[PDB]
C-alpha cells in the first residue's frame, strides 16, 4: 500500500477541477444555448454510455480506496501483481481525463467551434479516442494495467474456453450492470448506419422533433440480444464453472438467475412488438412479463443479499441481520446498503424493461437516463461488500483456501 506520488494527486485534482468547471459550463449551455426545434434525444442517448463509463471509473476508484483502507486484500483476490497494483489515485485520474474528453466533446456538439467540422463526428471522435486509449499498443499510458484489462476482457468474452477466475466473473458482472453502455453503442452504430443524413450539418440532432426513426423503435430485436450479452456471458461462465467443479450449488442457481433476466429481455421485446401491432394477447404477454419481472428481480436481490454479500448469517449473533464479523467501520453502512440494493434491484429491472421498447413516450427515455447512473451506483455499492465478503469468507470456491 505505497502512497501515491504527489504528482499523481496534483494531476487528479487538476482533472477533477477541469471536469467540474466543464460540467457547470455544460449545464449552463444546456439551460441557455440549446435549440428546442431539433430533437436532442440522439445526443443524450449517445453520450449516456460515455457518462456511465466515467461514473463507473470514478466509483471504481472510490471502491479501490475503500478496499485498501478497510482491510480487504483486493489485490490478492483479483490476483493482481502486488508490486504493480493501481492505486485509487490512478483510477481517479483516468476517470477525470476521460471525463475531460467527454465534456469537451459534448461542449463541441452543443455549439460547433468549426463550421466545416460536422457536429456528428464529435461523439465518434470521443469514442474513437476512448477505444484507441483502450487498444493503444505504445507503452505510455498505464500499459501494464491496460494490457491486463485487454487480456481479461478477451478472456471474458470467450466465456466457455477458459477457467472462470474471480476477476473474469467480476468484470462479467460489471458488464451485467453496464448493459446500457453496449446498448447505447449499438444504438449509435445503427444510427450512424442510417439516420445521420450526412449532408445535414446537424444530422445528429434531427429537426423532426418527433421520434419515428427505425433505430428508435427496437422492433428489429437486436436491442434484446445486445442487452442479453452481459447476461449471456455470465450464464455461460457459470455453466463452465459448473463443468469444472461438477457442483450444482450455486452454479446452476446462478445459471437460473441469469436466465431469468434472459427471459426478461426476450419477453419484453416480444410483447413490445406485440403491442406495436395491437394483438389481443398483448395483455396476457404483459402479465407474463410482469410476473417474470417480479421473480427475476426477487431472485437477483435475494442472491445479492444472501450469498454475494453474505448477510443475514445465522451465526451473526450481536450483528442484527448481518454477518458474524464485519470489516467496514459502521453497521449503518451495511443497513443502508441493504435498503439501497432492495430499491435498486427493482430500478435495474424496470430500467431494462423500459429501455426494451416498453415505454415509447419521452418519459421512458427520461426515466431510463435517470436510472442508469443509479444502476452503476448500485453496482459500485455491491462491489464493496462482494469484495469484502470474498476476503472474509471465500464464496464461490474461487481460492483454494
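Between two forms, the rigid core is the largest collection of C-alphas that superpose within 1.5 Å. Positions refer to the first chain, counted from 1.
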Which of the two stretches, 344-352 or 61-69, moves more in 7 other deposited structures of this protein when the core is held fixed, judged by C-alpha RMS distance?
344-352
Stretch departing more from the displayed form, 274-282 or 287-295, Cα RMS in 7 other deposited structures of this protein (core fit):
274-282
Across the other PDB entries of this protein that model residues on both sides of residue 223, is it left without coordinates in at least a third of them?
no
Of the other PDB entries for this protein whose models extend past residue 123 on both sides, does at least a third leave it without coordinates?
no
